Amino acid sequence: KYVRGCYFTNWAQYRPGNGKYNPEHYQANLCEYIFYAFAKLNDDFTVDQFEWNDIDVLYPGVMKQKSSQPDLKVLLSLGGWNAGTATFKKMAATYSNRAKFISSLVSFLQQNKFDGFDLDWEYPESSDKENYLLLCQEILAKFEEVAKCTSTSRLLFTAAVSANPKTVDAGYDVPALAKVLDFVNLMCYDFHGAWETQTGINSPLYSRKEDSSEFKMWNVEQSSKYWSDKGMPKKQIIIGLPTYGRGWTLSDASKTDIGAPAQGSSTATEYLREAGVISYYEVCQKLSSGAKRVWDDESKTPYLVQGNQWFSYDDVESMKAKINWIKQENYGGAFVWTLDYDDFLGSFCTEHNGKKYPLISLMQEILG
C-alpha cells in the first residue's frame, strides 16, 4: 500500500491561455491526497487565505472533486519557499504563540472542510529544532483532542521536509517527529538549478560518477536513505517527484553536456513566465519545435537543449524509473509537485496520443 500525493497551487490560475489550471482540471483517482499550496501565516500568527478567491472559489472547487472520488483527502499546506522563516521562527518560540497559531489553524481547517494540515516550514534551523518538535507535538495533540469531542476520525498531519542531510541534521529531531507526523513529503528536488554557474540535474535518482564528492548525497536514493538512517520508518517517507524542470543559458552553445558552463538562468517561458524554470508541457512544446533531448541513464533523467537554453526536467521515462524504484525499495509512496505542470489537458504533447496527465498518472498505474 502506497501514498499517492499531489500539490495543487493557488497561483496556477494566473497562467495564460491553455496553461491556466482550475480545480476542475483534476482527474478522479490521480491522487489519494491533494495538498493545497498555500495558506498565509499572518504576523500575529493567525491563519488566513493567501489568494483573494481561495475561500470563495478555489477551496470549494477542490472539495468538489470528492464527488467523483469519495476517498479523496484534501490537506491545507502552510509555508513554502517564498514565505521564508521569520514568522515561523517567532510563532514556534513560545507555548502562547504556538497555542494561538494552532487555535487559528484548527478553526480555519474546520470552517473550510479540510482533511488535514501539511506544514511546509522551509526550513527549521538548529535554533528551531526544539521549537519545531514542540509545534508538531502540540498540533497532533490538538487534532486528537478535536477528534475525541465526537469520536470522529482526526485531521491528518504531514510535513514537507528538506532533502539536504546537513539541513536535516540541524533542524529536525527525526525519531521524535516520526511519532507525531503521519508521513513526510521528502523534497528530493531542486538539487541543482540556475543559482549555479553550470548545468546540473534538478532531481537525479542516483548519483553520477562525475558528481563532485560534495554532491554524492544530493539525489533521490541517498536523500531518502538518510531520513531512514536518521530514524524515519520508510513507510512514512514519501518520495517527491517534480513535474517541472530548471534551466540555464549556456555560456557556449556548442557545450551542452551536464556540467556545461552557464552564464545565467534560462529565459522565462511562455506560460510559467519565470526565468530558470519550465513546465513539462512547455518542454513538450519545445520538443515539437525541434529541441534536442538527451536521456542520462546514470541519473535516470532527461535534459533538453534548444540553442543556448538547457533544461534538466522529468518525464515519463524518469517517472517510470523513480516510481518503480519506490516499489523496489519499499518507501512510503510518492507525491508530485505539481498538478499544474503536467500535460493536464492531454493537448500539449503529441507522443502520448492525447493522454491527460502522462506524468502524474504513473503513480496510480505503478503503485495503485
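A residue's number is simply how far along the shown sequence it sits, counting from 1.
For the segment pair 228-236 and 241-249, the entry gives 228-236 the higher mean B-factor, averaged over Cα atoms. A summary of the deposited B-factors shows that, of 263-271 and 86-94, the stretch with the larger mean C-alpha value is 86-94. Note on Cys284, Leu109, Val174, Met187: the highest value goes to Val174, judged by CA B factor as recorded. Within the group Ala163, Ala160, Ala99, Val74, the record's highest C-alpha temperature factor is found at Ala99. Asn353: CA B factor in the highest third of modelled residues in this chain (values from the PDB entry). In this PDB entry, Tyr280 carries a Cα temperature factor that places it within the lowest third of its chain's modelled residues.
Per-chain ranking of the deposited C-alpha B factor places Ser318 in the lowest third. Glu122: CA B factor in the middle third of modelled residues in this chain (values from the PDB entry). Ranked by Cα temperature factor within the chain, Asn42 sits in the highest third according to the deposited record.
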